[PDB]
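K.L.:
Supplied structure: data_8.csv, CSV, C-alpha atoms.
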```
chain,number,residue,atom,x,y,z
A,18,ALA,CA,11.1,-17.7,28.4
A,19,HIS,CA,11.6,-16.9,24.7
A,20,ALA,CA,11.3,-14.1,22.2
A,21,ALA,CA,8.9,-13.5,19.5
A,22,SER,CA,9.6,-13.9,15.8
A,23,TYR,CA,8.2,-11.2,13.4
A,24,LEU,CA,7.8,-10.9,9.6
A,25,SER,CA,9.0,-8.0,7.6
A,26,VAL,CA,7.3,-8.2,4.2
A,27,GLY,CA,8.6,-5.7,1.6
A,28,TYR,CA,6.6,-4.9,-1.5
A,29,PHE,CA,8.8,-3.9,-4.4
A,30,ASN,CA,7.4,-1.9,-7.4
A,31,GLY,CA,9.4,-3.6,-10.1
A,32,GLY,CA,6.9,-3.5,-12.9
A,33,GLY,CA,5.4,-0.1,-12.4
A,34,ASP,CA,2.4,1.1,-10.5
A,35,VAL,CA,-0.6,3.5,-11.3
A,36,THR,CA,0.1,5.8,-8.3
A,37,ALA,CA,3.9,5.1,-7.6
A,38,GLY,CA,5.1,5.3,-11.2
A,39,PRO,CA,7.7,3.2,-13.3
A,40,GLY,CA,9.4,0.3,-11.7
A,41,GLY,CA,12.6,0.5,-9.8
A,42,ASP,CA,15.9,-1.2,-10.0
A,43,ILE,CA,15.8,-4.6,-8.2
A,44,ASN,CA,19.5,-4.6,-7.8
A,45,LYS,CA,19.4,-1.8,-5.3
A,46,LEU,CA,17.5,-3.7,-2.7
A,47,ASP,CA,19.0,-5.2,0.4
A,48,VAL,CA,17.2,-8.5,0.7
A,49,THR,CA,18.9,-9.4,4.0
A,50,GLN,CA,16.7,-6.9,5.8
A,51,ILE,CA,13.4,-8.6,5.0
A,52,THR,CA,11.8,-12.0,5.5
A,53,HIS,CA,9.6,-11.8,2.5
A,54,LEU,CA,9.7,-10.0,-0.9
A,55,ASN,CA,6.4,-9.2,-2.7
A,56,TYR,CA,7.6,-8.5,-6.2
A,57,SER,CA,4.9,-6.2,-7.7
A,58,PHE,CA,2.9,-6.5,-10.0
A,59,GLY,CA,1.5,-9.3,-12.1
A,60,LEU,CA,-1.6,-8.0,-13.9
A,61,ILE,CA,-4.7,-9.8,-15.1
A,62,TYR,CA,-5.9,-10.3,-18.7
A,63,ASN,CA,-9.4,-9.0,-18.6
A,64,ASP,CA,-12.5,-8.1,-20.6
A,65,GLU,CA,-13.3,-4.8,-18.8
A,66,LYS,CA,-14.3,-2.4,-21.4
A,67,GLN,CA,-12.5,0.5,-19.8
A,68,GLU,CA,-9.2,-1.3,-19.8
A,69,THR,CA,-6.6,0.9,-21.5
A,70,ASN,CA,-3.6,-1.5,-21.4
A,71,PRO,CA,-4.2,-3.3,-24.8
A,72,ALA,CA,-1.9,-6.2,-23.8
A,73,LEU,CA,-4.4,-7.1,-21.1
A,74,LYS,CA,-7.3,-7.2,-23.7
A,75,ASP,CA,-6.0,-10.3,-25.4
A,76,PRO,CA,-9.1,-12.5,-25.4
A,77,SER,CA,-7.0,-15.7,-25.8
A,78,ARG,CA,-5.6,-15.2,-22.3
A,79,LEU,CA,-8.6,-13.9,-20.4
A,80,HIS,CA,-8.3,-14.4,-16.6
A,81,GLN,CA,-4.6,-15.4,-16.7
A,82,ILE,CA,-1.8,-13.5,-15.2
A,83,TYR,CA,0.2,-11.0,-17.4
A,84,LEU,CA,3.9,-10.5,-16.7
A,85,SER,CA,5.6,-7.6,-18.6
A,86,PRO,CA,9.1,-8.0,-20.0
A,87,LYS,CA,10.6,-6.1,-17.0
A,88,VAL,CA,8.7,-8.4,-14.6
A,89,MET,CA,10.0,-11.5,-16.4
A,90,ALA,CA,13.6,-10.2,-16.4
A,91,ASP,CA,13.5,-9.2,-12.8
A,92,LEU,CA,12.1,-12.6,-11.8
A,93,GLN,CA,15.1,-14.2,-13.5
A,94,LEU,CA,17.3,-12.7,-10.9
A,95,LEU,CA,15.7,-14.6,-8.0
A,96,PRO,CA,18.6,-17.0,-7.7
A,97,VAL,CA,20.9,-14.1,-7.0
A,98,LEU,CA,18.6,-12.7,-4.3
A,99,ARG,CA,18.3,-16.2,-2.7
A,100,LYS,CA,22.0,-16.5,-2.5
A,101,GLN,CA,22.2,-13.2,-0.7
A,102,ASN,CA,19.6,-14.3,1.7
A,103,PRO,CA,18.9,-18.0,1.8
A,104,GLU,CA,16.0,-17.5,4.2
A,105,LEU,CA,14.2,-15.0,2.0
A,106,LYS,CA,10.7,-15.9,0.7
A,107,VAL,CA,9.6,-14.4,-2.6
A,108,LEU,CA,6.0,-14.0,-3.7
A,109,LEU,CA,4.5,-12.4,-6.8
A,110,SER,CA,1.8,-9.8,-6.0
A,111,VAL,CA,-1.0,-9.7,-8.5
A,112,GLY,CA,-3.1,-6.6,-8.8
A,113,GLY,CA,-2.4,-3.2,-7.2
A,114,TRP,CA,-4.1,0.2,-7.4
A,115,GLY,CA,-6.2,0.4,-10.6
A,116,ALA,CA,-5.5,-3.2,-11.7
A,117,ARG,CA,-8.6,-4.6,-13.4
A,118,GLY,CA,-9.7,-8.2,-13.9
A,119,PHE,CA,-10.3,-9.6,-10.4
A,120,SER,CA,-14.1,-9.2,-10.4
A,121,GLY,CA,-14.3,-11.3,-13.7
A,122,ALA,CA,-11.6,-13.7,-12.7
A,123,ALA,CA,-13.5,-14.5,-9.5
A,124,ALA,CA,-16.9,-14.7,-11.0
A,125,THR,CA,-17.3,-18.3,-12.1
A,126,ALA,CA,-16.0,-21.8,-11.4
A,127,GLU,CA,-14.5,-21.7,-14.9
A,128,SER,CA,-12.9,-18.3,-14.6
A,129,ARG,CA,-11.4,-19.1,-11.2
A,130,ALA,CA,-10.0,-22.3,-12.6
A,131,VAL,CA,-8.2,-20.4,-15.4
A,132,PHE,CA,-6.8,-17.9,-12.9
A,133,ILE,CA,-5.6,-20.6,-10.5
A,134,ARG,CA,-4.0,-22.6,-13.3
A,135,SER,CA,-2.1,-19.4,-14.3
A,136,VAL,CA,-1.0,-18.8,-10.7
A,137,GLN,CA,0.3,-22.4,-10.6
A,138,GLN,CA,2.1,-21.9,-13.9
A,139,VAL,CA,3.8,-18.7,-12.8
A,140,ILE,CA,4.8,-20.1,-9.4
A,141,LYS,CA,6.4,-23.1,-11.2
A,142,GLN,CA,8.1,-21.2,-14.0
A,143,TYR,CA,9.7,-18.6,-11.8
A,144,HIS,CA,10.1,-20.8,-8.7
A,145,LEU,CA,8.1,-18.5,-6.4
A,146,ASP,CA,7.4,-19.2,-2.7
A,147,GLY,CA,3.8,-18.0,-3.1
A,148,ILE,CA,1.3,-15.6,-4.3
A,149,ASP,CA,-0.1,-12.3,-2.9
A,150,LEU,CA,-3.4,-10.9,-4.2
A,151,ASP,CA,-3.8,-7.2,-4.0
A,152,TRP,CA,-7.4,-6.6,-5.2
A,153,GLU,CA,-8.3,-2.9,-4.9
A,154,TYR,CA,-11.2,-3.5,-4.1
A,155,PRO,CA,-13.8,-6.2,-4.1
A,156,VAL,CA,-17.4,-4.9,-4.1
A,157,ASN,CA,-16.3,-1.3,-4.1
A,158,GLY,CA,-14.1,-1.3,-7.1
A,159,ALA,CA,-12.1,1.6,-5.7
A,160,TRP,CA,-15.0,3.8,-6.3
A,161,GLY,CA,-15.4,2.8,-10.0
A,162,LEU,CA,-11.8,2.6,-10.9
A,163,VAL,CA,-12.1,-1.2,-11.7
A,164,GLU,CA,-15.2,-3.3,-12.3
A,165,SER,CA,-17.0,-4.6,-9.3
A,166,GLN,CA,-20.2,-6.2,-8.1
A,167,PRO,CA,-21.7,-7.2,-4.8
A,168,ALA,CA,-20.9,-10.9,-5.4
A,169,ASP,CA,-17.2,-10.0,-5.3
A,170,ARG,CA,-17.2,-10.6,-1.5
A,171,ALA,CA,-18.4,-14.2,-1.8
A,172,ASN,CA,-16.5,-14.8,-5.0
A,173,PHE,CA,-13.2,-13.7,-3.4
A,174,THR,CA,-13.8,-16.2,-0.6
A,175,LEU,CA,-14.4,-19.0,-3.3
A,176,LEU,CA,-11.3,-17.9,-5.2
A,177,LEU,CA,-9.1,-18.0,-2.0
A,178,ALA,CA,-10.6,-21.4,-0.9
A,179,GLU,CA,-9.9,-22.9,-4.4
A,180,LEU,CA,-6.5,-21.4,-4.7
A,181,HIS,CA,-5.6,-22.7,-1.2
A,182,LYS,CA,-6.7,-26.1,-2.4
A,183,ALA,CA,-4.6,-25.9,-5.6
A,184,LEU,CA,-1.4,-24.6,-4.2
A,185,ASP,CA,1.3,-27.0,-3.3
A,186,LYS,CA,1.6,-27.6,0.3
A,187,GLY,CA,4.1,-25.1,1.8
A,188,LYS,CA,3.4,-22.4,-0.7
A,189,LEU,CA,2.2,-19.1,0.7
A,190,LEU,CA,-1.1,-17.4,-0.1
A,191,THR,CA,-1.5,-13.8,1.2
A,192,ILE,CA,-3.6,-10.7,0.5
A,193,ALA,CA,-3.4,-7.0,0.9
A,194,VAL,CA,-6.5,-5.3,2.3
A,195,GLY,CA,-7.7,-1.6,2.5
A,196,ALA,CA,-7.7,0.8,5.4
A,197,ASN,CA,-11.4,1.7,4.7
A,198,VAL,CA,-13.7,0.6,7.5
A,199,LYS,CA,-16.0,-0.9,4.9
A,200,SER,CA,-13.3,-3.3,3.8
A,201,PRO,CA,-13.8,-5.8,6.7
A,202,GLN,CA,-17.5,-4.7,7.0
A,203,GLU,CA,-18.7,-5.1,3.4
A,204,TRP,CA,-16.0,-5.8,0.9
A,205,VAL,CA,-14.1,-8.8,2.3
A,206,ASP,CA,-15.2,-11.7,4.5
A,207,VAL,CA,-12.0,-11.6,6.6
A,208,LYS,CA,-13.2,-14.2,9.0
A,209,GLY,CA,-14.3,-16.5,6.3
A,210,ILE,CA,-11.0,-16.3,4.3
A,211,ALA,CA,-8.6,-16.4,7.3
A,212,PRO,CA,-8.2,-20.1,7.3
A,213,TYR,CA,-6.9,-20.0,3.7
A,214,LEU,CA,-4.2,-17.3,4.3
A,215,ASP,CA,-0.7,-17.4,5.7
A,216,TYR,CA,-1.0,-13.7,6.7
A,217,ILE,CA,-2.9,-10.5,5.8
A,218,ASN,CA,-1.1,-7.3,4.8
A,219,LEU,CA,-2.9,-4.2,6.0
A,220,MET,CA,-2.7,-1.2,3.9
A,221,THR,CA,-2.5,1.2,6.9
A,222,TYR,CA,-1.5,4.2,4.8
A,223,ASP,CA,-3.0,6.5,2.1
A,224,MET,CA,-4.9,8.4,4.8
A,225,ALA,CA,-4.0,12.0,3.6
A,226,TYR,CA,-7.4,12.5,1.8
A,227,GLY,CA,-10.4,14.6,2.4
A,228,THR,CA,-10.1,16.7,5.5
A,229,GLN,CA,-7.2,14.6,7.0
A,230,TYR,CA,-3.6,15.9,7.0
A,231,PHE,CA,-1.7,12.7,7.9
A,232,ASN,CA,-1.0,9.8,5.5
A,233,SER,CA,0.1,7.1,7.9
A,234,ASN,CA,-0.3,8.4,11.5
A,235,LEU,CA,-0.3,5.7,14.1
A,236,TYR,CA,-2.9,7.5,16.3
A,237,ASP,CA,-5.0,10.7,15.5
A,238,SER,CA,-3.2,14.0,15.5
A,239,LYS,CA,-4.5,16.6,18.0
A,240,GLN,CA,-2.4,19.5,16.7
A,241,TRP,CA,-3.6,18.9,13.1
A,242,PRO,CA,-6.9,17.2,13.5
A,243,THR,CA,-9.1,15.7,10.8
A,244,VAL,CA,-12.5,17.5,10.6
A,245,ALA,CA,-15.0,15.1,8.9
A,246,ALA,CA,-15.7,11.9,10.7
A,247,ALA,CA,-15.6,9.7,7.6
A,248,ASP,CA,-12.0,10.9,6.9
A,249,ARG,CA,-10.7,10.3,10.4
A,250,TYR,CA,-8.2,7.4,10.2
A,251,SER,CA,-5.1,6.2,11.9
A,252,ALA,CA,-3.2,2.9,11.6
A,253,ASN,CA,-4.4,1.9,15.1
A,254,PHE,CA,-8.0,2.6,14.2
A,255,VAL,CA,-7.7,0.4,11.1
A,256,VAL,CA,-6.0,-2.5,13.1
A,257,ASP,CA,-8.9,-2.3,15.6
A,258,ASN,CA,-11.5,-2.4,12.9
A,259,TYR,CA,-9.9,-5.6,11.5
A,260,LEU,CA,-9.7,-7.1,15.1
A,261,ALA,CA,-13.4,-6.3,15.6
A,262,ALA,CA,-14.2,-8.2,12.5
A,263,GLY,CA,-12.7,-11.3,14.1
A,264,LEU,CA,-9.1,-11.6,12.8
A,265,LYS,CA,-6.3,-12.6,15.2
A,266,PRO,CA,-3.5,-10.1,15.6
A,267,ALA,CA,-0.8,-12.7,14.9
A,268,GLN,CA,-2.1,-13.1,11.3
A,269,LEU,CA,-1.8,-9.4,10.5
A,270,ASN,CA,1.1,-7.4,9.2
A,271,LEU,CA,1.0,-3.7,9.8
A,272,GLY,CA,1.7,-1.8,6.5
A,273,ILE,CA,4.2,1.0,6.7
A,274,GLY,CA,4.6,3.6,3.9
A,275,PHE,CA,8.1,4.3,2.7
A,276,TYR,CA,6.6,7.5,1.2
A,277,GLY,CA,4.4,10.4,2.0
A,278,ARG,CA,1.6,12.4,0.5
A,279,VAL,CA,0.7,16.0,0.2
A,280,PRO,CA,-2.7,16.1,1.8
A,281,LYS,CA,-5.7,16.8,-0.5
A,282,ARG,CA,-6.7,19.3,2.1
A,283,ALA,CA,-3.9,21.5,0.9
A,284,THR,CA,-5.4,21.9,-2.6
A,285,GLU,CA,-9.0,20.8,-2.6
A,286,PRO,CA,-12.0,21.8,-0.5
A,287,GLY,CA,-12.8,19.2,2.2
A,288,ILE,CA,-16.4,18.1,2.2
A,289,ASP,CA,-18.2,16.5,5.2
A,290,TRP,CA,-21.0,14.5,3.7
A,291,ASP,CA,-22.6,14.2,7.1
A,292,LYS,CA,-23.3,18.0,6.9
A,293,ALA,CA,-26.3,19.9,5.5
A,294,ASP,CA,-25.9,20.8,1.8
A,295,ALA,CA,-22.4,19.4,2.1
A,296,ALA,CA,-20.8,20.0,-1.4
A,297,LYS,CA,-21.7,23.7,-1.1
A,298,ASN,CA,-20.5,24.2,2.4
A,299,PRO,CA,-17.0,22.7,2.7
A,300,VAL,CA,-15.6,22.2,6.1
A,301,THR,CA,-12.0,22.8,5.1
A,302,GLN,CA,-10.5,25.0,2.4
A,303,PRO,CA,-7.2,24.7,0.5
A,304,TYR,CA,-4.3,26.5,2.0
A,305,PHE,CA,-1.8,26.1,-0.8
A,306,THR,CA,-1.8,28.9,-3.3
A,307,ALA,CA,-0.1,28.9,-6.7
A,308,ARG,CA,3.1,29.7,-4.9
A,309,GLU,CA,3.2,26.4,-3.1
A,310,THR,CA,1.8,24.3,-5.8
A,311,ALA,CA,4.5,25.6,-8.1
A,312,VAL,CA,7.3,24.4,-5.8
A,313,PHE,CA,5.9,20.9,-5.9
A,314,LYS,CA,5.3,21.0,-9.7
A,315,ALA,CA,8.9,22.0,-10.2
A,316,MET,CA,10.0,18.9,-8.3
A,317,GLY,CA,8.0,16.7,-10.6
A,318,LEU,CA,4.8,16.4,-8.5
A,319,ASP,CA,1.8,17.8,-10.2
A,320,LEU,CA,-0.7,18.1,-7.3
A,321,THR,CA,-3.7,18.2,-9.8
A,322,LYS,CA,-2.9,14.6,-10.7
A,323,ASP,CA,-1.1,13.0,-7.7
A,324,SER,CA,0.2,13.5,-4.2
A,325,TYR,CA,2.7,10.6,-3.8
A,326,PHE,CA,6.3,11.4,-2.8
A,327,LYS,CA,8.8,8.6,-2.3
A,328,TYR,CA,10.8,8.7,1.0
A,329,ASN,CA,14.1,8.9,-0.8
A,330,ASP,CA,12.8,11.9,-2.7
A,331,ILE,CA,11.4,13.5,0.6
A,332,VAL,CA,15.0,13.2,1.9
A,333,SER,CA,16.8,14.5,-1.2
A,334,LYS,CA,14.3,17.1,-2.4
A,335,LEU,CA,12.4,18.3,0.6
A,336,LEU,CA,14.5,17.8,3.8
A,337,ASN,CA,17.7,18.7,1.9
A,338,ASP,CA,16.1,21.4,-0.4
A,339,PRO,CA,19.0,23.8,-1.0
A,340,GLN,CA,16.7,26.8,-0.6
A,341,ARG,CA,15.7,25.5,2.9
A,342,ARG,CA,12.0,25.8,2.1
A,343,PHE,CA,10.9,22.8,4.2
A,344,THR,CA,11.0,22.6,8.0
A,345,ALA,CA,10.9,19.2,9.7
A,346,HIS,CA,8.5,18.6,12.6
A,347,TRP,CA,7.3,15.7,14.8
A,348,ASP,CA,3.7,15.1,15.8
A,349,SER,CA,3.9,13.5,19.2
A,350,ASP,CA,0.3,12.2,19.2
A,351,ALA,CA,0.4,10.8,15.7
A,352,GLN,CA,3.9,9.4,16.2
A,353,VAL,CA,5.1,10.5,12.7
A,354,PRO,CA,7.1,13.3,11.1
A,355,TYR,CA,5.7,16.0,8.9
A,356,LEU,CA,7.1,19.0,7.0
A,357,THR,CA,5.9,22.6,6.7
A,358,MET,CA,6.6,25.3,4.2
A,359,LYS,CA,6.3,29.0,5.0
A,360,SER,CA,3.5,30.9,3.4
A,361,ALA,CA,4.2,34.3,1.9
A,362,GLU,CA,2.5,35.7,5.1
A,363,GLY,CA,5.0,33.8,7.3
A,364,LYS,CA,2.7,31.0,8.5
A,365,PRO,CA,3.8,27.3,8.5
A,366,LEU,CA,1.7,25.4,6.0
A,367,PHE,CA,1.4,21.6,6.4
A,368,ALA,CA,3.1,20.2,3.4
A,369,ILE,CA,3.5,16.4,3.8
A,370,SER,CA,3.6,13.6,6.4
A,371,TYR,CA,5.7,10.5,6.0
A,372,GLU,CA,7.7,7.9,7.9
A,373,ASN,CA,11.3,8.2,9.2
A,374,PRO,CA,13.4,5.8,11.2
A,375,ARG,CA,12.0,7.0,14.5
A,376,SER,CA,8.4,6.6,13.3
A,377,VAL,CA,9.1,3.2,11.8
A,378,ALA,CA,10.6,2.0,15.1
A,379,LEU,CA,7.5,3.3,16.9
A,380,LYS,CA,5.3,1.2,14.5
A,381,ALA,CA,7.5,-1.8,15.3
A,382,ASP,CA,7.0,-1.1,19.0
A,383,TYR,CA,3.2,-1.1,18.3
A,384,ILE,CA,3.5,-4.4,16.4
A,385,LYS,CA,5.3,-5.9,19.5
A,386,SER,CA,2.8,-4.6,22.1
A,387,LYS,CA,-0.3,-5.4,20.0
A,388,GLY,CA,1.0,-8.9,19.2
A,389,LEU,CA,0.8,-8.5,15.4
A,390,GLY,CA,2.6,-10.9,13.2
A,391,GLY,CA,4.9,-8.4,11.6
A,392,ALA,CA,5.3,-5.5,9.3
A,393,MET,CA,4.7,-5.0,5.6
A,394,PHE,CA,5.9,-2.0,3.7
A,395,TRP,CA,5.2,-0.2,0.4
A,396,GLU,CA,7.7,-0.2,-1.2
A,397,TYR,CA,11.4,-1.0,-1.1
A,398,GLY,CA,12.4,1.1,-4.2
A,399,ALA,CA,11.3,4.2,-2.3
A,400,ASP,CA,13.7,3.6,0.6
A,401,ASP,CA,16.8,5.7,1.1
A,402,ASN,CA,19.8,3.4,1.0
A,403,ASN,CA,17.6,0.7,2.5
A,404,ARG,CA,17.5,2.7,5.8
A,405,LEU,CA,13.8,2.3,6.7
A,406,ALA,CA,13.9,-1.4,6.0
A,407,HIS,CA,17.0,-1.7,8.1
A,408,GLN,CA,15.3,0.2,11.0
A,409,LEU,CA,12.4,-2.2,10.8
A,410,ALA,CA,14.7,-5.2,10.7
A,411,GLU,CA,16.5,-4.0,13.8
A,412,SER,CA,13.4,-3.1,15.7
A,413,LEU,CA,11.7,-6.4,14.9
A,414,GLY,CA,14.9,-8.6,15.4
A,415,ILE,CA,14.8,-9.9,11.8
```
Written as structure tokens, that's how I'd like the structure from this file.
P.N.:
Amino acid sequence: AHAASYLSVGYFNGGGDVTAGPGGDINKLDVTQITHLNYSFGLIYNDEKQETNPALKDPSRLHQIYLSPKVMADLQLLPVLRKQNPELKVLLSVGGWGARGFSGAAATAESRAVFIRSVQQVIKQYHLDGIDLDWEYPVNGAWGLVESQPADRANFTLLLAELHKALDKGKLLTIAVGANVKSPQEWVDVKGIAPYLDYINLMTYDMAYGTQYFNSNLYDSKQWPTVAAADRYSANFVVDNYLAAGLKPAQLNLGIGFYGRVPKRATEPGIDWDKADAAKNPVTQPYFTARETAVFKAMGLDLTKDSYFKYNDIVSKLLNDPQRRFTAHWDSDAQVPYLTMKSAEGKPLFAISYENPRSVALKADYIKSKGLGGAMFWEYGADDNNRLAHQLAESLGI
């Protein structure tokens, strides 16, 4: 006898991001289409020896939050955003891909207390509704990209318990978590931290690695199948792995990518580490030649360094390429769009998968049928005239 209520939590890369690039213009965003805005990112002053941002190496601020000048300027504009949407909640997200400092911040009673005091200071100075922690990743360290240790799992739980205790009542505490099956298994005690969190943002994207073609497929593709088992991911598979770990669906937001990736399979041999003499016997081989890589390079995407392509750029540069080099397709099993480019020999080559309005609506339908709490998306600056956010708002009744 009543309808559901859903979240739509939009990350916004305002300060700049390691993989997504320099920050966007906050003034472009339509904040009426979202329930929550995760302004990204605050960073962490840290003593990691490999830290290359010298601002973060200030020893007098160790374990506190760093806000760049652009982040501080953008956060000044919150009163304007709140007037636009009086129901909007605004959090600062701390961390992001490659962001150092969480392992050390979490490590001791003393370090945690410094970090928590800094969270409290920032929330009060900028009048935030809460804080989102995007630690990529406890225990795993993103495969050595940031410092990590096995104690990170338990220390993250302590940090969240203590931060929950320190936050004013009514403030929000949220986190983002990885797609990798090891995240709920080994990196993060999801069951243990659930009582401290308002909701959990699932990073159900960045799957176009190894032998997998699709970046954010809802279900596995059959036409374009992943070869190695350890690479075989889908948004639904990730959701089920988190549900198996004992999270309730209503606490979860399904992450949706407002971007695509050229699969690594296009340019790098795909290794199945479950095979004999694996590194010498790749199970997939690159199908881009210099011809294809040059097309992407000319558009500003150097595939030797990165594969990220914003949705707005997919629309302007790929779909609407004046030379008509890219053909749009739909994968009915995966429930997402993808583009092909024609090889010199005439064969369609899988160039990139992404999300469009139809696929965003299908992920909203999944949210509704699975009883998830809502959607999250990365990130609003990559939308095309706020269209994907609008589709999500419409589909979820925001």
K.L.:
Tell me which protein, DNA and RNA residues are within 9 Å of residue A:214, counting all atoms listed in the file, leaving out same-chain ones fewer than 5 positions away, and put them as a list in words.
P.N.:
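Here the answer would be residues 177, 181, 189, 190, 191, 192 and 268 of chain A.
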K.L.:
Could you check the closest approach to residue A:150 for each of A:183, A:109, A:409, A:73 and tell me which residue wins, using only C-alpha atoms?
P.N.:
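Ranking A:183, A:109, A:409, A:73 by distance to residue A:150, first place goes to A:109.
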K.L.:
If we count all atoms listed in the file and set the cut-off at 9 Å, which residues sit around residue A:173, ignoring sequence neighbours fewer than 4 positions away in its own chain? Please answer as a ChimeraX atom specification.
P.N.:
/A:119-120,123-124,155,168-169,177-178,205-206,210
K.L.:
Between atom CA of residue A:33 and atom CA of residue A:58, measure the distance and give it in Å to one decimal.
P.N.:
7.3 Å
K.L.:
List every protein, DNA or RNA residue with an atom no more than 7 Å from (4.0, -5.9, -16.6) in the file's coordinates, counting all atoms listed in the file, and format the result as a VMD selection string.
P.N.:
chain A and resid 32 58 to 60 83 to 88
K.L.:
To one decimal in Å, tell me the separation between atom CA of residue A:101 and atom CA of residue A:135.
P.N.:
28.5 Å
K.L.:
Near stretch 304-312 of chain A, within 6 Å and counting only C-alpha atoms, which residues show up once chain neighbours fewer than 2 positions away are dropped, as a compact mmCIF listing (two decimals) with C-alpha atoms, in the frame of the given file?
P.N.:
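Output below, filename part-v3.txt:
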```
# COMPACT_ATOMS: atom_id res chain seq x y z
CA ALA A 283 -3.90 21.50 0.90
CA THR A 284 -5.40 21.90 -2.60
CA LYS A 314 5.30 21.00 -9.70
CA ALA A 315 8.90 22.00 -10.20
```
K.L.:
Which one of A:373, A:140, A:317, A:353 sits closest to residue A:237 if you count only C-alpha atoms?
P.N.:
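Checking each candidate against residue A:237, we get A:353 as the closest.
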K.L.:
Could you check the closest approach to residue A:229 for each of A:280, A:263, A:118, A:274 and tell me which residue wins, using only C-alpha atoms?
P.N.:
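Looking at the shortest contact to residue A:229, the residue is A:280.
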K.L.:
Could you please determine the separation between atom CA of residue A:134 and atom CA of residue A:63 in Å, to one decimal place?
P.N.:
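Calculated distance between atom CA of residue A:134 and atom CA of residue A:63 is 15.6 Å.
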K.L.:
Would you mind telling me which residue in A:222, A:254, A:154, A:114 lies nearest to residue A:236 when using only C-alpha atoms?
P.N.:
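Residue with the minimum atom-to-atom distance to residue A:236: A:254.
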K.L.:
With all atoms listed in the file as the atoms that count, which of A:52, A:333, A:142, A:93 lies nearest to residue A:399?
P.N.:
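Residue with the minimum atom-to-atom distance to residue A:399: A:333.
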K.L.:
Pick from A:295, A:198, A:98, A:224: nearest to residue A:257, with only C-alpha atoms counted?
P.N.:
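Of the candidates, the smallest distance to residue A:257 is held by A:198.
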K.L.:
Just the residues within 12 Å of residue A:367, please, counting only C-alpha atoms, with nothing from its chain fewer than 4 positions along; format it as a PyMOL selection string.
P.N.:
chain A and resi 225+229-231+240-242+278-284+303-305+309+343-348+354-360+371
